[PDB]
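Notes for the one structure printed next.
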Amino acid sequence: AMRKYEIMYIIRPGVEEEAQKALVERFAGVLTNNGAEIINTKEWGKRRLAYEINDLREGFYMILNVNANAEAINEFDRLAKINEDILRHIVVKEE
Amino acid sequence: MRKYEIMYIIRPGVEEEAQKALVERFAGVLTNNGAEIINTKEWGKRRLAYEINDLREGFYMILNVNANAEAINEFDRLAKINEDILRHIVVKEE
Amino acid sequence: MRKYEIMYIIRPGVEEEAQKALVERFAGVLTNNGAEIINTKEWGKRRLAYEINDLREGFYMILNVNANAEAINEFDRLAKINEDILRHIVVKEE
Amino acid sequence: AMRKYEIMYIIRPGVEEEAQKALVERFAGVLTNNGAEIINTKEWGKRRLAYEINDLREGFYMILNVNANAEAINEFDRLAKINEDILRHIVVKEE
Ligand SMILES: [Ca+2]
Ligand SMILES: [Ca+2]
Ligand SMILES: [Ca+2]
Ligand SMILES: [Ca+2]
């Protein structure tokens, strides 16, 4: 299959110029070896962006506390995303 | 195993039975996937308005791409893992 | 003055005229409040699914409170400003 | 007026124990001097939480690039929040 995605990621600012490129080229490499096709890349260099967000969500709210393995969450993950009855879902793990 | 907290929202539209089955259905998945459900809270139907305020500094990278889920999935995985990635987001049009 | 980028979503429900007025109405507010609109993009009606992935470390503080907006507003302001606050979120039920 | 709110904030982990309390007591102080009423506070101490979020939003999407003063954004801010036609709005500034 194939969908058009847009992706943003942030590299911590402590990383050294050469390392940077290595990681960067690395991730594009990661995308490519799997059939993905990169149409364009932008590098904004180091930035400090403040974001404020505001949303309103109405629905039947459910909260779960769970001990699980990585494998488990993806299953939950996967199935939540497809089901039209689930608007939004969120996961916090301790690290 | 890790501790996890999991939040999800159910369409305001859904009915009692459908709802009821759902919670059950999602409950099973976890557990049949070897997870223990420490605790559950049904907060019922809520309209919550929220405001997120955050500041993130670093090297910003943005890609437009054509990919399937696995390529994406994999990527996600490695970003999650990689130490020098603070954050990342992916969005597709349905 | 600062550079700002501003995103907003319009109910899928809204009609052409209502929509049209809206964009206009919000456009005016900024400008009558002395803002210059560098550029505008109408992406039309989109269904975008998104996934945010982030890790935040620090001292976590959580409060349940009864307050009006100004008390909140003020607080927000000072958190935004204070140097040792990485992030903060506020949620109310409508 | 008065509404019930819940608030979360994170203090950077570099801050020193005594400073901590000072800030903390400070912010409660901030809430109180303005009629707010704190019913409960929890301190989880220093934590590293990973969050993954997933939502789906359908609506007419609008993007603006703008040079504005603080004052301006709040006006935008305020009016967006109330209007039932605006589901979600977001603001990025450079800092
Ligand atoms: Ca879904
Ligand atoms: Ca990471
Ligand atoms: Ca701050
Ligand atoms: Ca609104």
Side-chain angles (χ1 to χ4, degrees), chain A residues 48-60 62 76-91, chain B residues 6-14 22 25-26 29 47-57 91-92 94, chain C residues 6-14 22 25-26 29 47-51 56 58-59 61 69 75-92 94, chain D residues 7-15 23 26-27 30 52-60 62 76-91 93 95:
Chain A
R48 317 174 134 270
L49 307 168
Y51 59 98
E52 171 206 273
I53 301 193
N54 307 249
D55 206 313
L56 169 31
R57 240 55 185 88
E58 166 165 22
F60 305 79
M62 286 317 287
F76 180 91
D77 195 19
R78 218 190 90 250
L79 292 162
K81 264 146 83 147
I82 128 83
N83 196 302
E84 307 143 72
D85 298 3
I86 303 312
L87 307 179
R88 150 185 186 101
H89 82 268
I90 307 182
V91 191
Chain B
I6 297 171
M7 207 200 72
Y8 66 84
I9 293 184
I10 290 154
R11 281 238 248 200
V14 167
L22 236 42
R25 284 287 290 279
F26 280 63
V29 182
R47 222 156 116 86
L48 290 177
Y50 47 113
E51 334 192 19
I52 309 179
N53 284 281
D54 199 14
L55 188 138
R56 201 110 231 176
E57 172 210 347
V91 39
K92 72 185 204 180
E94 202 69 35
Chain C
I6 297 171
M7 207 200 72
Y8 66 84
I9 293 184
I10 290 154
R11 281 238 248 200
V14 167
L22 236 42
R25 284 287 290 279
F26 280 63
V29 182
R47 222 156 116 86
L48 290 177
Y50 47 113
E51 334 192 19
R56 201 110 231 176
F59 287 107
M61 303 280 164
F75 182 115
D76 179 308
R77 160 177 103 79
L78 268 183
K80 301 211 235 251
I81 267 122
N82 196 290
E83 61 269 38
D84 300 300
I85 303 308
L86 303 179
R87 183 169 155 107
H88 65 285
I89 290 129
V90 355
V91 39
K92 72 185 204 180
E94 202 69 35
Chain D
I7 300 171
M8 183 194 80
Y9 63 85
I10 324 185
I11 306 171
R12 69 172 189 92
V15 300
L23 218 76
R26 186 128 193 286
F27 283 91
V30 165
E52 171 206 273
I53 301 193
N54 307 249
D55 206 313
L56 169 31
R57 240 55 185 88
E58 166 165 22
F60 305 79
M62 286 317 287
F76 180 91
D77 195 19
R78 218 190 90 250
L79 292 162
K81 264 146 83 147
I82 128 83
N83 196 302
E84 307 143 72
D85 298 3
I86 303 312
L87 307 179
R88 150 185 186 101
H89 82 268
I90 307 182
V91 191
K93 141 137 134 316
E95 230 3 319

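Just follow the structure's listing: the first ligand is 1, and inside any ligand the first atom is 1. Chain letters run A, B, ... following the sequence lines, proteins first, then strands; residues in each count from 1.
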Of all the heavy-atom pairs spanning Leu56(D) and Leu48(C), show the shortest one and how long it is.
CD1-O, 3.1 Å
Anything protein N, O or S sitting under 3.0 Å from the Ca ion (ligand 1): count it and give me the total.
4
Give a yes or no on this: more than 12 heavy atoms of other residues, nucleotides or ligands lie within 6.0 Å of atom CD of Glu84(A).
no
Pairing residues for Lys80(C) by the side-chain hydrogen bond (donor to acceptor under 3.5 Å, both in side chains) criterion, not counting sequence neighbours:
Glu52(A), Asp76(C)
Inter-residue atom distance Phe59(C).CZ - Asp84(C).CG, 0.5 Å rounding:
11.0 Å
Looking at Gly58(C) and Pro13(D), what are the two nearest heavy atoms and their distance?
CA-CB, 4.0 Å
Residues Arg48(A) and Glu57(B) bridged, charged N to O under 4.0 Å:
yes
